[PDB]
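First up is the structure itself, then whatever we jot down about it.
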Amino acid sequence: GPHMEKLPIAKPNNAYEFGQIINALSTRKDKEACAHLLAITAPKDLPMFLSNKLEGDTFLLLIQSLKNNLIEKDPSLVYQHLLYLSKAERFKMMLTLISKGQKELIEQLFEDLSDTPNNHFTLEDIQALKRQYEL
């Protein structure tokens, strides 16, 4: 990960802005600046941004950003980001291009949410939504 300073983030207004920030972080491998991007992004806007500007590495970046950073800030925002991410179309191509040992990271994402009892979601809601990820 680069020692040279991080590029500053203003919120994504539209799919190209979301994609152009994210692809810069996929260039730096930045999970922590990606975590700031989810801390400012809405789950409702997220699948509309991911429409055409969604790739294998940029999907995996946000997954590793969730199962490390956002789980310790708000696991219910992780749950809602994963809920609306399941509505994205190109999302379903990603789970086919990802290798089995890299797909396990998506399991560890839900395994950390399973560990958290929460005022916004339940295990019943987890085990229902994870089905859209075929885990």
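Just so we're on the same page: first chain in the structure tokens is A, next is B, and so on; residues restart at 1 for each chain, and ligands are numbered from 1 in the order they show up.
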- Give me every alpha helix (DSSP H) residue in chain A, going by DSSP on the backbone, as an MDAnalysis selection string. chainID A and resid 15:28 31:40 46:49 56:65 71:73 75:85 91:97 100:114 123:129
Got a sec: who's within 10 Å of range 58-75 of chain A, counting only C-alpha atoms, leaving out chain neighbours fewer than 3 positions off, as a JSON list (two decimals) with N, CA, C and O atoms, in the first residue's frame?
[["chain", "number", "residue", "atom", "x", "y", "z"],
["A", 19, "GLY", "N", -17.55, 5.34, -9.38],
["A", 19, "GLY", "CA", -16.62, 4.48, -10.11],
["A", 19, "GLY", "C", -15.20, 5.04, -10.19],
["A", 19, "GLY", "O", -14.25, 4.30, -9.96],
["A", 22, "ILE", "N", -13.60, 4.90, -6.66],
["A", 22, "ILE", "CA", -13.35, 3.50, -6.34],
["A", 22, "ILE", "C", -12.17, 2.91, -7.13],
["A", 22, "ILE", "O", -11.31, 2.25, -6.55],
["A", 23, "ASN", "N", -12.10, 3.16, -8.43],
["A", 23, "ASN", "CA", -11.00, 2.68, -9.28],
["A", 23, "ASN", "C", -9.65, 3.28, -8.87],
["A", 23, "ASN", "O", -8.64, 2.58, -8.90],
["A", 24, "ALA", "N", -9.63, 4.52, -8.39],
["A", 24, "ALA", "CA", -8.43, 5.10, -7.77],
["A", 24, "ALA", "C", -8.00, 4.32, -6.51],
["A", 24, "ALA", "O", -6.82, 4.02, -6.33],
["A", 25, "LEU", "N", -8.95, 3.88, -5.68],
["A", 25, "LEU", "CA", -8.62, 3.11, -4.48],
["A", 25, "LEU", "C", -8.23, 1.67, -4.79],
["A", 25, "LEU", "O", -7.30, 1.17, -4.18],
["A", 26, "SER", "N", -8.86, 1.05, -5.78],
["A", 26, "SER", "CA", -8.40, -0.21, -6.37],
["A", 26, "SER", "C", -6.99, -0.09, -6.98],
["A", 26, "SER", "O", -6.26, -1.08, -7.04],
["A", 27, "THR", "N", -6.56, 1.12, -7.35],
["A", 27, "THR", "CA", -5.19, 1.38, -7.83],
["A", 27, "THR", "C", -4.19, 1.48, -6.66],
["A", 27, "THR", "O", -3.06, 1.01, -6.76],
["A", 29, "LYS", "N", -4.96, 0.00, -3.59],
["A", 29, "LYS", "CA", -5.52, -1.06, -2.72],
["A", 29, "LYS", "C", -6.07, -0.55, -1.37],
["A", 29, "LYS", "O", -5.88, -1.19, -0.33],
["A", 30, "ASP", "N", -6.76, 0.60, -1.36],
["A", 30, "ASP", "CA", -7.17, 1.30, -0.13],
["A", 30, "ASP", "C", -8.51, 0.84, 0.48],
["A", 30, "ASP", "O", -9.59, 1.27, 0.05],
["A", 31, "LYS", "N", -8.46, 0.04, 1.55],
["A", 31, "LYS", "CA", -9.66, -0.41, 2.29],
["A", 31, "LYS", "C", -10.22, 0.66, 3.22],
["A", 31, "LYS", "O", -11.42, 0.69, 3.47],
["A", 32, "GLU", "N", -9.37, 1.56, 3.71],
["A", 32, "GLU", "CA", -9.69, 2.57, 4.73],
["A", 32, "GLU", "C", -10.33, 3.82, 4.12],
["A", 32, "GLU", "O", -11.36, 4.31, 4.61],
["A", 33, "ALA", "N", -9.81, 4.30, 2.99],
["A", 33, "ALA", "CA", -10.46, 5.33, 2.18],
["A", 33, "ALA", "C", -11.74, 4.79, 1.50],
["A", 33, "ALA", "O", -12.74, 5.50, 1.43],
["A", 34, "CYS", "N", -11.76, 3.52, 1.09],
["A", 34, "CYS", "CA", -13.00, 2.88, 0.64],
["A", 34, "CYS", "C", -14.03, 2.85, 1.79],
["A", 34, "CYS", "O", -15.20, 3.12, 1.56],
["A", 35, "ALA", "N", -13.58, 2.63, 3.03],
["A", 35, "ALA", "CA", -14.47, 2.64, 4.18],
["A", 35, "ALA", "C", -15.08, 4.02, 4.45],
["A", 35, "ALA", "O", -16.27, 4.13, 4.75],
["A", 36, "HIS", "N", -14.30, 5.09, 4.25],
["A", 36, "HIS", "CA", -14.81, 6.46, 4.26],
["A", 36, "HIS", "C", -15.87, 6.67, 3.17],
["A", 36, "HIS", "O", -16.90, 7.31, 3.41],
["A", 37, "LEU", "N", -15.68, 6.08, 1.99],
["A", 37, "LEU", "CA", -16.64, 6.14, 0.88],
["A", 37, "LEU", "C", -18.00, 5.50, 1.24],
["A", 37, "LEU", "O", -19.04, 6.09, 0.96],
["A", 38, "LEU", "N", -18.02, 4.35, 1.92],
["A", 38, "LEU", "CA", -19.26, 3.77, 2.45],
["A", 38, "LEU", "C", -19.83, 4.59, 3.63],
["A", 38, "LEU", "O", -21.05, 4.70, 3.76],
["A", 39, "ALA", "N", -18.99, 5.22, 4.44],
["A", 39, "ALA", "CA", -19.44, 6.10, 5.53],
["A", 39, "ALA", "C", -20.18, 7.37, 5.04],
["A", 39, "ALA", "O", -20.95, 7.95, 5.80],
["A", 50, "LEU", "N", -23.25, 1.15, -9.09],
["A", 50, "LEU", "CA", -22.61, -0.10, -9.53],
["A", 50, "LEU", "C", -23.12, -0.65, -10.89],
["A", 50, "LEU", "O", -22.82, -1.79, -11.25],
["A", 53, "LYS", "N", -20.21, 0.62, -14.04],
["A", 53, "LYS", "CA", -18.86, 0.86, -13.49],
["A", 53, "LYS", "C", -18.53, -0.04, -12.29],
["A", 53, "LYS", "O", -18.09, 0.43, -11.24],
["A", 54, "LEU", "N", -18.73, -1.35, -12.45],
["A", 54, "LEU", "CA", -18.46, -2.37, -11.43],
["A", 54, "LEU", "C", -17.64, -3.53, -12.02],
["A", 54, "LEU", "O", -18.04, -4.15, -13.01],
["A", 55, "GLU", "N", -16.49, -3.79, -11.42],
["A", 55, "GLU", "CA", -15.46, -4.74, -11.84],
["A", 55, "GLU", "C", -15.08, -5.70, -10.70],
["A", 55, "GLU", "O", -15.37, -5.45, -9.53],
["A", 78, "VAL", "N", -23.31, -2.09, 7.18],
["A", 78, "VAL", "CA", -22.79, -3.21, 6.37],
["A", 78, "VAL", "C", -23.94, -4.08, 5.86],
["A", 78, "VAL", "O", -24.01, -4.32, 4.66],
["A", 79, "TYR", "N", -24.86, -4.49, 6.74],
["A", 79, "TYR", "CA", -26.03, -5.28, 6.37],
["A", 79, "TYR", "C", -26.84, -4.61, 5.25],
["A", 79, "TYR", "O", -27.07, -5.22, 4.21],
["A", 80, "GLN", "N", -27.21, -3.33, 5.41],
["A", 80, "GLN", "CA", -27.93, -2.57, 4.38],
["A", 80, "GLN", "C", -27.12, -2.34, 3.09],
["A", 80, "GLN", "O", -27.68, -2.50, 2.00],
["A", 81, "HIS", "N", -25.82, -2.07, 3.15],
["A", 81, "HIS", "CA", -25.00, -2.02, 1.94],
["A", 81, "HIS", "C", -24.99, -3.36, 1.20],
["A", 81, "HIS", "O", -25.14, -3.37, -0.02],
["A", 82, "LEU", "N", -24.90, -4.50, 1.90],
["A", 82, "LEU", "CA", -24.98, -5.83, 1.29],
["A", 82, "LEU", "C", -26.37, -6.16, 0.73],
["A", 82, "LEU", "O", -26.47, -6.83, -0.30],
["A", 85, "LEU", "N", -26.57, -3.98, -2.45],
["A", 85, "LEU", "CA", -25.57, -4.57, -3.35],
["A", 85, "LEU", "C", -26.10, -5.84, -4.05],
["A", 85, "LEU", "O", -25.84, -6.03, -5.23],
["A", 90, "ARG", "N", -24.39, -6.53, -12.42],
["A", 90, "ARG", "CA", -22.99, -6.96, -12.61],
["A", 90, "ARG", "C", -22.42, -7.65, -11.37],
["A", 90, "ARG", "O", -21.55, -8.50, -11.52],
["A", 91, "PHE", "N", -22.95, -7.36, -10.19],
["A", 91, "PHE", "CA", -22.65, -8.06, -8.94],
["A", 91, "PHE", "C", -22.66, -9.59, -9.12],
["A", 91, "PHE", "O", -21.66, -10.22, -8.78],
["A", 94, "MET", "N", -19.58, -11.05, -10.70],
["A", 94, "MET", "CA", -18.39, -11.00, -9.83],
["A", 94, "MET", "C", -18.17, -12.33, -9.11],
["A", 94, "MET", "O", -17.08, -12.89, -9.15],
["A", 95, "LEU", "N", -19.22, -12.90, -8.51],
["A", 95, "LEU", "CA", -19.11, -14.18, -7.78],
["A", 95, "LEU", "C", -18.70, -15.36, -8.68],
["A", 95, "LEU", "O", -18.28, -16.39, -8.16],
["A", 98, "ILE", "N", -14.56, -14.43, -9.38],
["A", 98, "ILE", "CA", -13.78, -14.58, -8.15],
["A", 98, "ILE", "C", -13.44, -16.05, -7.88],
["A", 98, "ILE", "O", -14.32, -16.92, -7.88],
["A", 102, "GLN", "N", -10.88, -16.64, -2.66],
["A", 102, "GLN", "CA", -11.20, -15.21, -2.54],
["A", 102, "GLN", "C", -12.68, -14.99, -2.21],
["A", 102, "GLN", "O", -13.01, -14.08, -1.45],
["A", 103, "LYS", "N", -13.58, -15.86, -2.69],
["A", 103, "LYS", "CA", -15.01, -15.85, -2.33],
["A", 103, "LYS", "C", -15.26, -16.13, -0.84],
["A", 103, "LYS", "O", -16.23, -15.61, -0.29],
["A", 105, "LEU", "N", -13.91, -14.78, 1.65],
["A", 105, "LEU", "CA", -13.93, -13.46, 2.28],
["A", 105, "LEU", "C", -15.35, -12.89, 2.38],
["A", 105, "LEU", "O", -15.69, -12.27, 3.38],
["A", 106, "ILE", "N", -16.19, -13.15, 1.38],
["A", 106, "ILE", "CA", -17.62, -12.83, 1.40],
["A", 106, "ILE", "C", -18.32, -13.61, 2.52],
["A", 106, "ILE", "O", -19.12, -13.04, 3.25],
["A", 107, "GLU", "N", -17.98, -14.89, 2.73],
["A", 107, "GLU", "CA", -18.47, -15.64, 3.89],
["A", 107, "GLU", "C", -18.04, -14.97, 5.21],
["A", 107, "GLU", "O", -18.90, -14.72, 6.05],
["A", 108, "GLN", "N", -16.76, -14.61, 5.37],
["A", 108, "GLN", "CA", -16.26, -14.00, 6.61],
["A", 108, "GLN", "C", -16.95, -12.67, 6.94],
["A", 108, "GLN", "O", -17.10, -12.33, 8.11],
["A", 109, "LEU", "N", -17.43, -11.96, 5.91],
["A", 109, "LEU", "CA", -18.28, -10.78, 6.01],
["A", 109, "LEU", "C", -19.60, -11.07, 6.76],
["A", 109, "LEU", "O", -19.93, -10.41, 7.74],
["A", 110, "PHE", "N", -20.34, -12.10, 6.33],
["A", 110, "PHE", "CA", -21.58, -12.54, 6.98],
["A", 110, "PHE", "C", -21.33, -13.22, 8.33],
["A", 110, "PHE", "O", -22.13, -13.07, 9.24],
["A", 111, "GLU", "N", -20.20, -13.91, 8.49],
["A", 111, "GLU", "CA", -19.81, -14.55, 9.76],
["A", 111, "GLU", "C", -19.57, -13.53, 10.88],
["A", 111, "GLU", "O", -19.84, -13.82, 12.05],
["A", 112, "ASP", "N", -19.10, -12.33, 10.53],
["A", 112, "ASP", "CA", -18.94, -11.23, 11.49],
["A", 112, "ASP", "C", -20.26, -10.53, 11.83],
["A", 112, "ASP", "O", -20.43, -10.07, 12.97],
["A", 113, "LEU", "N", -21.21, -10.48, 10.89],
["A", 113, "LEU", "CA", -22.58, -9.98, 11.12],
["A", 113, "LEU", "C", -23.43, -10.97, 11.93],
["A", 113, "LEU", "O", -24.22, -10.57, 12.78],
["A", 114, "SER", "N", -23.24, -12.27, 11.69],
["A", 114, "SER", "CA", -23.85, -13.36, 12.46],
["A", 114, "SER", "C", -23.49, -13.26, 13.94],
["A", 114, "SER", "O", -24.34, -13.44, 14.81],
["A", 116, "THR", "N", -22.93, -10.51, 15.65],
["A", 116, "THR", "CA", -23.54, -9.29, 16.20],
["A", 116, "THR", "C", -25.07, -9.37, 16.27],
["A", 116, "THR", "O", -25.72, -9.35, 15.22],
["A", 117, "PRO", "N", -25.68, -9.43, 17.46],
["A", 117, "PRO", "CA", -27.10, -9.13, 17.67],
["A", 117, "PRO", "C", -27.31, -7.61, 17.53],
["A", 117, "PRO", "O", -26.47, -6.83, 17.98],
["A", 118, "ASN", "N", -28.41, -7.17, 16.92],
["A", 118, "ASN", "CA", -28.52, -5.80, 16.42],
["A", 118, "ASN", "C", -29.95, -5.23, 16.44],
["A", 118, "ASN", "O", -30.91, -5.95, 16.18],
["A", 120, "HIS", "N", -31.44, -3.30, 14.35],
["A", 120, "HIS", "CA", -31.94, -3.05, 12.99],
["A", 120, "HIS", "C", -32.18, -4.32, 12.16],
["A", 120, "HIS", "O", -33.02, -4.32, 11.26],
["A", 121, "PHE", "N", -31.44, -5.40, 12.45],
["A", 121, "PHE", "CA", -31.53, -6.70, 11.77],
["A", 121, "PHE", "C", -31.43, -7.88, 12.74],
["A", 121, "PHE", "O", -30.99, -7.74, 13.88]]
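Here CA of residue 93 in chain A and CA of residue 47 in chain A stand 14.0 Å from one another.
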- Nearby residues (only C-alpha atoms) at most 9 Å from residue 12 in chain A, same-chain spacing under 3 positions excluded, as number ranges by chain: A: 9, 15-19, 21, 37, 40-41, 49
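Reported to one decimal place, the separation of CA of residue 14 in chain A from CA of residue 83 in chain A is 19.6 Å.
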- Item | Distance in Å - CA of residue 77 in chain A versus CA of residue 4 in chain A | 29.9 Å
- Query: Quick one: of A:48, A:97, A:7, A:123, who's nearest to residue 76 in chain A, counting only C-alpha atoms?
  - Reply: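 Closest to residue 76 in chain A of all the choices is A:123.
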- Query: Counting only C-alpha atoms, which of A:5, A:20, A:134, A:44 gets nearest to residue 84 in chain A?
  - Reply: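 Of all the options, A:44 lies closest to residue 84 in chain A.
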